[PDB]
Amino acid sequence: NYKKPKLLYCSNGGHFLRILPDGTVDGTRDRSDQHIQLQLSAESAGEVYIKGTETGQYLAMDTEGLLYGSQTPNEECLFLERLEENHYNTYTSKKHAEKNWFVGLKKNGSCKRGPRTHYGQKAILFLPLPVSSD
């Protein structure tokens, strides 16, 4: 299990985080979706980038709290990872950390924008899962 892709499974409705070619970020319940394979890479300890391998885009959060796919890994692409007691993780926008804006998905699969997210919500809980070698 060395350097293989990962999925991020959201507790809220069981959606996998999805980064679409047009830069849309949402969730899908379809675990065989073509746009859910991710590479999580660390910067400093507890800082991560989340890259959609099928498009080459990095997960980013804009100044309004909306998730989008960025072709370039810039300041808006860094997230602070925390490991909750329930074994799911949360991801906080580093650039907007003072606002406590999380990566989040609604039960309908759409992005729950930064200001609509809230600590303790199922919307913000993501479990990293493997993708098989082949």
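Numbers for residues come from their place in the sequence shown, where the first is 1.
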Of 52-60 and 68-76, which one has the bigger average CA B-factor? 68-76
Once average C-alpha B-factors are taken from the entry for 1-9 and 123-131, the winner is 1-9
Of the residues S44, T90, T28, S93, the one carrying the largest Cα B-factor as recorded: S44
Where does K112 sit by CA temperature factor within its chain: lowest, middle or highest third? middle
According to the PDB entry, is the CA B factor of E84 in the bottom, middle or top third of its chain, that is, lowest, middle or highest? middle
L105 by Cα B-factor - lowest, middle or highest third of the modelled chain: lowest
